[PDB]
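Peer 1: Below you will find the structure I want to go over with you.
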Amino acid sequence: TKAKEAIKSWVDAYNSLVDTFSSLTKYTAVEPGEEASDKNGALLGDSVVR
Amino acid sequence: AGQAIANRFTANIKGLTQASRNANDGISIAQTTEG
Amino acid sequence: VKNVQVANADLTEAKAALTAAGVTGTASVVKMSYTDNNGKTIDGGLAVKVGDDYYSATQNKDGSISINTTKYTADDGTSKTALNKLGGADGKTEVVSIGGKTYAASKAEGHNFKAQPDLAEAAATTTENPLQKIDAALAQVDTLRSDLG
Amino acid sequence: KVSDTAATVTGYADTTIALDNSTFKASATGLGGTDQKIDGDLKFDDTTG
């Protein structure tokens, strides 16, 4: 039981980390492409998250 | 000249649009390559 | 059978296919079995065995027994009807003989080669040098890494 | 491993091109009589031979 709960907590922590990274690298596609969209991740294209 | 500065600025705006379109295409490149 | 029936003693369907293609002659038809260490075996169907080669043949609903000849659309504009073979080291998978060589049944059948020129093929055995192919998957990741960088 | 098993014919074990059927029926009707046209298609029997 203890190992099972530790595994569940570990996978939940990793999933939360991945969700945070995905939301932090958020982007929105704009058809005109005149300028970068407002809904853009600050650390988008940076070597940090990758 | 008024027309010279006018069409230079309009070409600058069009170039901004095109360069930002290519930049958004690069961001979509990054997203598809992430997938 | 809606068609006129002649027993497989004459083997006129294999005769037609092979001789009209002009590749080989008549050969018997046997049931296919999966010899394995565990011993599992499922019968795909009574298929033709030409020498070492084994061409898939299936029985239809009306009792008709015909070689599994895939009618794949070719670049000539007409659906070429070519008899099929086995693929993979397992031999369980059915593959199509196109252009003189074996291909997987994924894409090219059912549409002109003008859309898809080359079809993906399945290796006749386990894929060559597996450790180097793990290295090649890492090299694919490294090519995506070069593009990303 | 792919192994081959010898087995008898499952049913009549027909074919694709086969023997021509129009001339098959014509020959069947060529024996004689006033009317010998066959309803349906012509098949094989064991009691007759």
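Residues in the structure tokens are numbered from 1 in each chain, the chains being A, B, ... in the order shown, and ligands are numbered from 1 in the order shown.
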Would you kindly return, as a ChimeraX atom specification, each protein, DNA or RNA residue with an atom no farther than 12 Å from any atom of residue A:42, considering only C-alpha atoms and excluding same-chain residues fewer than 5 positions away?
Peer 2: /A:21-27,36-37,48-49
Peer 1: Quick one: which chain D residues come within 8 Å of chain C, and what is the nearest atom pair for each with the distance in Å to one decimal, counting only C-alpha atoms, rows ordered by chain and ascending number, as CSV?
Peer 2:
```
residue,atom,partner,partner_atom,distance
D:1,CA,C:35,CA,4.8
D:2,CA,C:34,CA,5.3
D:3,CA,C:33,CA,5.0
D:4,CA,C:32,CA,5.2
D:5,CA,C:31,CA,4.9
D:6,CA,C:30,CA,5.3
D:7,CA,C:30,CA,6.5
D:9,CA,C:8,CA,7.5
D:11,CA,C:63,CA,7.0
D:12,CA,C:7,CA,5.6
D:13,CA,C:7,CA,5.0
D:14,CA,C:5,CA,4.6
D:15,CA,C:13,CA,5.4
D:16,CA,C:13,CA,5.2
D:17,CA,C:13,CA,6.1
D:18,CA,C:6,CA,5.5
D:19,CA,C:6,CA,7.0
D:20,CA,C:4,CA,7.8
D:21,CA,C:4,CA,6.2
D:41,CA,C:4,CA,7.9
D:43,CA,C:5,CA,7.9
```
Peer 1: What's around residue D:27 at 12 Å? Count only C-alpha atoms, leave out sequence neighbours fewer than 5 positions away in its own chain, and write the answer as a list in words.
Peer 2: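 Here the answer would be residues 20, 21, 22, 32, 36, 37, 38 and 42 of chain D.
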Peer 1: Give as a list in words every residue of chain A that touches chain B within 8 Å, counting only C-alpha atoms.
Peer 2: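 For chain A, the answer reads residues 29, 30, 32, 33, 34, 35, 36 and 45 of chain A.
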Peer 1: Find the distance between atom CA of residue C:114 and atom CA of residue C:19 and write it in Å to one decimal.
Peer 2: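 Interatomic distance, atom CA of residue C:114 to atom CA of residue C:19: 28.5 Å.
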Peer 1: Using only C-alpha atoms, determine which residues of chain C fall within 12 Å of chain A; present them as a PyMOL selection string.
Peer 2: chain C and resi 145+148-149
Peer 1: By how many Å are atom CA of residue D:28 and atom CA of residue D:44 apart?
Peer 2: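 Pair atom CA of residue D:28 / atom CA of residue D:44 returns 12.0 Å.
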Peer 1: Return as a PyMOL selection string the full set of residues in stretch 8-47 of chain C whose backbone-based DSSP assignment is alpha helix (DSSP H).
Peer 2: chain C and resi 12-21
Peer 1: Could those selected residues go to a file with N, CA, C and O atoms, as a short mmCIF file (atom, residue, chain, number, x, y, z; two decimals), in the first residue's frame?
Peer 2:
```
data_model
loop_
_atom_site.label_atom_id
_atom_site.label_comp_id
_atom_site.auth_asym_id
_atom_site.auth_seq_id
_atom_site.Cartn_x
_atom_site.Cartn_y
_atom_site.Cartn_z
N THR C 12 -6.95 -23.45 -61.55
CA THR C 12 -7.00 -22.53 -62.68
C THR C 12 -6.90 -21.07 -62.25
O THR C 12 -6.53 -20.23 -63.08
N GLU C 13 -7.22 -20.74 -61.00
CA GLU C 13 -7.04 -19.35 -60.56
C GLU C 13 -5.57 -19.01 -60.35
O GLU C 13 -5.11 -17.95 -60.78
N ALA C 14 -4.82 -19.91 -59.71
CA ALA C 14 -3.38 -19.72 -59.60
C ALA C 14 -2.72 -19.76 -60.97
O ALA C 14 -1.81 -18.98 -61.26
N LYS C 15 -3.17 -20.68 -61.82
CA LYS C 15 -2.68 -20.73 -63.19
C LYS C 15 -2.90 -19.40 -63.89
O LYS C 15 -1.97 -18.82 -64.46
N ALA C 16 -4.13 -18.88 -63.84
CA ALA C 16 -4.43 -17.60 -64.46
C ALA C 16 -3.50 -16.51 -63.94
O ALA C 16 -2.76 -15.89 -64.71
N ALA C 17 -3.50 -16.30 -62.62
CA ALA C 17 -2.70 -15.23 -62.03
C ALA C 17 -1.23 -15.34 -62.45
O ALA C 17 -0.67 -14.41 -63.05
N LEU C 18 -0.61 -16.48 -62.16
CA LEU C 18 0.83 -16.61 -62.37
C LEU C 18 1.20 -16.57 -63.85
O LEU C 18 2.09 -15.81 -64.26
N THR C 19 0.52 -17.37 -64.69
CA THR C 19 0.88 -17.43 -66.10
C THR C 19 0.61 -16.10 -66.80
O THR C 19 1.43 -15.64 -67.61
N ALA C 20 -0.54 -15.47 -66.54
CA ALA C 20 -0.80 -14.16 -67.12
C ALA C 20 0.23 -13.14 -66.65
O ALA C 20 0.67 -12.30 -67.44
N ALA C 21 0.62 -13.19 -65.37
CA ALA C 21 1.77 -12.41 -64.93
C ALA C 21 3.05 -12.92 -65.59
O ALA C 21 3.90 -12.12 -65.99
#
```
Peer 1: Run DSSP on the backbone and give me the residues of chain C it puts in strand (DSSP E), as a PyMOL selection string.
Peer 2: chain C and resi 29-34+46-50+53-55+57-59+65-67+69-73+79-87+93-98+101-104
Peer 1: Which residue out of C:82, C:147, C:70, C:142 has the minimum interatomic distance to chain B when only C-alpha atoms are used?
Peer 2: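 Using only C-alpha atoms, the shortest distance to chain B belongs to C:147.
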Peer 1: In Å, with one decimal, what is the gap from atom CA of residue C:55 to atom CA of residue C:93?
Peer 2: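 Atom CA of residue C:93 lies at a distance of 11.5 Å from atom CA of residue C:55.
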